[PDB]
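Chemist: Just passing along the structure, written as structure tokens.
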Amino acid sequence: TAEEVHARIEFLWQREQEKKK
Amino acid sequence: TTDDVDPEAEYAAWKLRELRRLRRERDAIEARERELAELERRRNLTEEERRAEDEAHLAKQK
Amino acid sequence: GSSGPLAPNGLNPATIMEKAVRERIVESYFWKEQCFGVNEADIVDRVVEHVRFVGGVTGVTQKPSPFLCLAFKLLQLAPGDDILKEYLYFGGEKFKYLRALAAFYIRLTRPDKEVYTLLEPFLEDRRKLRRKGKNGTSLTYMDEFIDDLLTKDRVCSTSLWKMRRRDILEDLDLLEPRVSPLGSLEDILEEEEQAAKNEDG
């Protein structure tokens with residue numbers, strides 16, 4: 001449930017970090 | 001839409017907002033408190049005086 | 001006429017939404033493409049991709065904002081409390097509009113005490129949001145949005161169910177009076193005056 005959301009949100013955050021690069 | 005730009009000014013503005021909130025809320029608390037208080041003393045003093053107050057406000061309008 | 005599983009608030013998901021606005025949501029193309037078969041994580045994705053602002057309705061077209069559409073999908077889904085709490089916490093530390101969504105949702109589906117208790121500490125949050133009203137896009141803030149949720153009958157083009165007033169809960173002593181990050185008014189006044197005169201000389 002919420003844990004899946006955790007993994008998704010982490011993926012999103014790392015993606016944003018990649019964007020800022 | 002940048003959240004962390006100019007920390008000091010944003011904190012100040014927020015402080016103004018929160019102050020507005022607590023001020024209106026405290027105004028509320030003190031207001032209903034003083035109304036319920038006035039009305040309570042009004043019950044407590046005596047029945048005759050309660051009658052004098054009601055008769056007074058009815059006389060004022062009516 | 002039958003009722004689907006009821007929200008902790010005690011109201012079925014359909015009734016709290018007005019017919020016009022919800023049908024307006026269903027009719028929208030954006031809703032038809034983005035709101036079909038959406039898992040919680042997927043709604044998180046749709047959020048972080050497509051929501052740049054908050055509103056119930058926008059323009060003469062009366063097109064529903066993505067915020068309200070995803071709010072409606074979340075409403076239909078009726079997710080459990082723990083995962084939405086974790087949702088607003090984590091997503092919130094990462095992004096604001098997610099917090100706005102979860103907050104609106106909780107205001108919809110949850111009882112008074114719960115809503116108060118969980119929303120009130122977020123009055124500390126000052127993060128800036130852009131809100132599209134009926135006319136123009138006025139700038140607003142997270143704390144202002146929360147305060148609006150608590151003190152306003154209608155928010156985001158959705159009527160808000162009459163909430164038991166907080167001071168009533170105070171007199172019944174179910175809950176302790178709200179405490180700001182700052183202290184009481186008088187002590188703030190005195191310490192600010194003292195700090196001002198001290199810094200000044």
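Residues in the structure tokens are numbered from 1 in each chain, the chains being A, B, ... in the order shown, and ligands are numbered from 1 in the order shown.
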Excluding segment 16-20 of chain B and its own-chain neighbours fewer than 5 positions away, which residues fall within 10 Å of it when counting only C-alpha atoms? Please give them as a list in words.
Modeler: residues 10, 11, 25 and 26 of chain B; 123, 124, 126, 141, 143, 144, 147, 180, 181, 182, 185 and 188 of chain C
Chemist: Would you mind listing, for every residue of segment 59-117 of chain C within 7 Å of segment 13-31 of chain C, the two atoms forming the shortest contact and the distance between them in Å to one decimal, using only C-alpha atoms, sorted by chain and ascending residue number, as a tab-separated table?
Modeler:
residue	atom	partner	partner_atom	distance
C:64	CA	C:25	CA	5.8
C:69	CA	C:25	CA	6.1
C:75	CA	C:13	CA	6.4
C:76	CA	C:13	CA	6.6
Chemist: Okay, now the selection with C-alpha atoms, as a PDB file, in the first residue's frame?
Modeler:
ATOM      1  CA  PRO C  64     -12.414  21.471 -13.369  1.00  0.00           C
ATOM      2  CA  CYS C  69     -10.310  15.777 -10.514  1.00  0.00           C
ATOM      3  CA  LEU C  75     -12.641  10.342  -2.997  1.00  0.00           C
ATOM      4  CA  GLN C  76     -13.963   7.396  -5.011  1.00  0.00           C
TER       5      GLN C  76
END
Chemist: Calculated over only C-alpha atoms, which of the candidates A:11, A:21, A:16, A:1 has the smallest distance to chain C?
Modeler: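 Comparing A:11, A:21, A:16, A:1 against chain C, the winner is A:1.
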Chemist: Counting only C-alpha atoms, collect the residues of chain C whose closest atom lies at most 12 Å from chain B, and write them out as a count of residues only.
Modeler: 49
Chemist: Which polymer residues have any atom within 12 Å of an atom of residue 3 of chain A, counting only C-alpha atoms, with same-chain residues fewer than 2 positions away left out, as a ChimeraX atom specification?
Modeler: /A:1,5-10 /C:40-41,82-84,86-87,90
Chemist: Return the single residue from C:4, C:133, C:91, C:55 that is closest to chain A, with distances computed using only C-alpha atoms.
Modeler: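 Among the listed residues, the smallest separation from chain A belongs to C:91.
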Chemist: Identify which of the residues C:70, C:11, C:47, C:174 lies closest to residue 161 of chain C, counting only C-alpha atoms when measuring atom-to-atom distances.
Modeler: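 That would be C:11, the residue with the smallest distance to residue 161 of chain C.
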Chemist: Separation of atom CA of residue 58 of chain C and atom CA of residue 43 of chain C, in Å?
Modeler: 21.1 Å
Chemist: From the options C:57, C:67, C:88, C:10, which residue's atoms come nearest to chain A, counting only C-alpha atoms?
Modeler: C:88
Chemist: Would you list, as a ChimeraX atom specification, the residues of segment 27-125 of chain C that end up in helix (DSSP H, G or I) under DSSP run on this structure's backbone?
Modeler: /C:27,29-34,40-50,66-77,81-94,96-109,112-123
Chemist: Residues of the last selection are to be written out with C-alpha atoms, as a PDB file, in the first residue's frame.
Modeler:
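File selection32.pdb, as written:
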ATOM      1  CA  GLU C  27     -17.299  15.088 -18.727  1.00  0.00           C
ATOM      2  CA  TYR C  29     -11.337  15.025 -21.335  1.00  0.00           C
ATOM      3  CA  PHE C  30      -8.445  15.293 -18.865  1.00  0.00           C
ATOM      4  CA  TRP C  31     -10.429  13.203 -16.390  1.00  0.00           C
ATOM      5  CA  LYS C  32     -11.289  10.621 -19.029  1.00  0.00           C
ATOM      6  CA  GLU C  33      -7.664  10.116 -20.033  1.00  0.00           C
ATOM      7  CA  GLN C  34      -5.806  10.520 -16.729  1.00  0.00           C
ATOM      8  CA  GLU C  40      -2.308   5.615  -5.347  1.00  0.00           C
ATOM      9  CA  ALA C  41       1.272   5.862  -6.608  1.00  0.00           C
ATOM     10  CA  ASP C  42      -0.104   6.595 -10.065  1.00  0.00           C
ATOM     11  CA  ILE C  43      -2.206   9.473  -8.688  1.00  0.00           C
ATOM     12  CA  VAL C  44       0.986  10.719  -7.033  1.00  0.00           C
ATOM     13  CA  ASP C  45       2.542  10.675 -10.506  1.00  0.00           C
ATOM     14  CA  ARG C  46      -0.394  12.528 -12.087  1.00  0.00           C
ATOM     15  CA  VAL C  47      -0.088  15.078  -9.278  1.00  0.00           C
ATOM     16  CA  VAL C  48       3.626  15.786  -9.595  1.00  0.00           C
ATOM     17  CA  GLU C  49       3.321  15.930 -13.384  1.00  0.00           C
ATOM     18  CA  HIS C  50       0.145  17.898 -14.054  1.00  0.00           C
ATOM     19  CA  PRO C  66      -6.660  18.653 -12.173  1.00  0.00           C
ATOM     20  CA  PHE C  67      -6.448  19.159  -8.402  1.00  0.00           C
ATOM     21  CA  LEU C  68     -10.219  18.688  -8.058  1.00  0.00           C
ATOM     22  CA  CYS C  69     -10.310  15.777 -10.514  1.00  0.00           C
ATOM     23  CA  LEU C  70      -7.613  13.861  -8.642  1.00  0.00           C
ATOM     24  CA  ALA C  71      -9.430  14.842  -5.450  1.00  0.00           C
ATOM     25  CA  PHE C  72     -12.548  13.165  -6.854  1.00  0.00           C
ATOM     26  CA  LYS C  73     -10.631  10.038  -7.853  1.00  0.00           C
ATOM     27  CA  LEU C  74      -9.122   9.873  -4.370  1.00  0.00           C
ATOM     28  CA  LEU C  75     -12.641  10.342  -2.997  1.00  0.00           C
ATOM     29  CA  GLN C  76     -13.963   7.396  -5.011  1.00  0.00           C
ATOM     30  CA  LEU C  77     -10.957   5.272  -4.032  1.00  0.00           C
ATOM     31  CA  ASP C  81      -6.060   6.774   6.966  1.00  0.00           C
ATOM     32  CA  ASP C  82      -2.526   5.575   7.753  1.00  0.00           C
ATOM     33  CA  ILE C  83      -1.397   5.549   4.121  1.00  0.00           C
ATOM     34  CA  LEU C  84      -2.842   9.017   3.404  1.00  0.00           C
ATOM     35  CA  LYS C  85      -1.141  10.354   6.550  1.00  0.00           C
ATOM     36  CA  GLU C  86       2.164   8.880   5.396  1.00  0.00           C
ATOM     37  CA  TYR C  87       1.270  10.274   1.966  1.00  0.00           C
ATOM     38  CA  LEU C  88       0.897  13.888   3.115  1.00  0.00           C
ATOM     39  CA  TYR C  89       3.932  13.621   5.391  1.00  0.00           C
ATOM     40  CA  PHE C  90       6.415  12.197   2.873  1.00  0.00           C
ATOM     41  CA  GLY C  91       5.027  13.840  -0.253  1.00  0.00           C
ATOM     42  CA  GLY C  92       4.645  17.013   1.767  1.00  0.00           C
ATOM     43  CA  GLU C  93       8.285  17.076   2.788  1.00  0.00           C
ATOM     44  CA  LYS C  94       8.996  16.597  -0.906  1.00  0.00           C
ATOM     45  CA  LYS C  96       3.335  21.028  -1.403  1.00  0.00           C
ATOM     46  CA  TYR C  97       0.420  20.357  -3.777  1.00  0.00           C
ATOM     47  CA  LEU C  98       0.355  16.763  -2.570  1.00  0.00           C
ATOM     48  CA  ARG C  99      -0.153  18.159   0.936  1.00  0.00           C
ATOM     49  CA  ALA C 100      -2.953  20.376  -0.354  1.00  0.00           C
ATOM     50  CA  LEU C 101      -4.644  17.358  -1.931  1.00  0.00           C
ATOM     51  CA  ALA C 102      -4.353  15.131   1.130  1.00  0.00           C
ATOM     52  CA  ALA C 103      -5.527  17.981   3.374  1.00  0.00           C
ATOM     53  CA  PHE C 104      -8.603  18.725   1.267  1.00  0.00           C
ATOM     54  CA  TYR C 105      -9.359  15.004   1.149  1.00  0.00           C
ATOM     55  CA  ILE C 106      -9.066  14.554   4.916  1.00  0.00           C
ATOM     56  CA  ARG C 107     -11.311  17.558   5.431  1.00  0.00           C
ATOM     57  CA  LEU C 108     -13.831  15.762   3.220  1.00  0.00           C
ATOM     58  CA  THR C 109     -13.745  12.202   4.565  1.00  0.00           C
ATOM     59  CA  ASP C 112     -13.987  16.877  13.135  1.00  0.00           C
ATOM     60  CA  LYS C 113     -11.506  15.967  15.888  1.00  0.00           C
ATOM     61  CA  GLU C 114      -9.211  14.012  13.567  1.00  0.00           C
ATOM     62  CA  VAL C 115      -9.209  16.753  10.925  1.00  0.00           C
ATOM     63  CA  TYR C 116      -8.424  19.440  13.512  1.00  0.00           C
ATOM     64  CA  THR C 117      -5.671  17.442  15.210  1.00  0.00           C
ATOM     65  CA  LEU C 118      -3.804  16.488  12.037  1.00  0.00           C
ATOM     66  CA  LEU C 119      -4.321  19.709  10.039  1.00  0.00           C
ATOM     67  CA  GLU C 120      -3.538  22.259  12.770  1.00  0.00           C
ATOM     68  CA  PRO C 121       0.229  21.617  13.029  1.00  0.00           C
ATOM     69  CA  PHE C 122       0.475  22.401   9.309  1.00  0.00           C
ATOM     70  CA  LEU C 123      -0.481  25.999  10.053  1.00  0.00           C
TER      71      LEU C 123
END
